[PDB]
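> the data below comprise the sequence and an experimental structure of the protein.
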Amino acid sequence: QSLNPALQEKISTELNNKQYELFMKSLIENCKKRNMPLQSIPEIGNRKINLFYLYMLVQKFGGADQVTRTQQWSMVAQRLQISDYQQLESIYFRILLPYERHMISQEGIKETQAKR
């Protein structure tokens, strides 16, 4: 009994990145669904769970340092629902899961050898 907000669930931006975003979105949403499933299509903001989207956003803000410099990470994180207070723990855990990380690892296994 908790349908999506349907407020900030915009899919695709230029029809080109939609493929890259949907790839990580479907993968993360699928794996994460094994722990914290949603009503149907889990989305918050405008798709930012992608390895290219989440990166582009940070670089655009001037780097993680810039986001924290003005203490905006709290607000920005809420946009993608990555740091919603205590909930950030559950989201981080599910996202750090072995299945979730594995699904995304295929796109970049070189990151695995990098270790924590």
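Done, it's in. Numbers count the residues shown, from 1 in each chain.

> apart from its chain neighbours, what residue comes closest to the residue nearest to the spatial centre of the chain?
The residue lying closest to the centre of the chain (C-alpha atoms, centre = their mean) is residue 49, at 2.2 Å. Using C-beta to C-beta, 6 or more residues apart in numbering and skipping residues adjacent in sequence, the residue nearest residue 49 is residue 28, 5.0 Å away. Every C-beta, even on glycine, is put in place using the N, C-alpha and C of the backbone.

> ok, back up a step: contact partners for the residue nearest to the centre of the chain?
With contact set as C-beta atoms under 8 Å, 6 or more residues apart in numbering, residue 49 has these partners: 24-25, 28-29, 80, 82, 95.

> quick one: which of the residues you listed is nearest residue 110?
The closest of those to residue 110 turns out to be residue 24 (C-beta to C-beta; 16.4 Å).

> what about the longest helix in the protein?
helix 17-32 (DSSP state H).

> and that helix, what other elements does it pack with?
helix 53-61, helix 87-96, helix 98-105 (3 or more C-beta pairs under 8 Å, 6 or more residues apart in numbering; DSSP states H and E).

> what's the first one packed up against?
The one in question is helix 53-61. Using 3+ C-beta pairs under 8 Å, 6+ apart: helix 53-61 touches helix 17-32, helix 64-69, helix 73-80.

> pull the distance from the first one to the chain's centre.
Put plainly, it is helix 17-32. Mean C-alpha position of helix 17-32 versus that of the full chain (C-alpha atoms, centre = their mean, to the nearest Å) differs by 9 Å.

> for that helix, which outside residues touch it?
For helix 17-32, using C-beta under 8 Å, 6+ apart, the contacting residues are 11-13, 38, 41-43, 47, 49-53, 94-95, 97, 99-100, 102-104, 107.

> now do the nearest residue to residue 3 once chain neighbours are set aside against residue 106, distance only.
In space, and not counting its chain neighbours, residue 3 is closest to residue 39: 4.6 Å by C-beta to C-beta, 6+ apart. Using C-beta to C-beta, to the nearest Å, we find residue 39 at a distance of 27 Å from residue 106.
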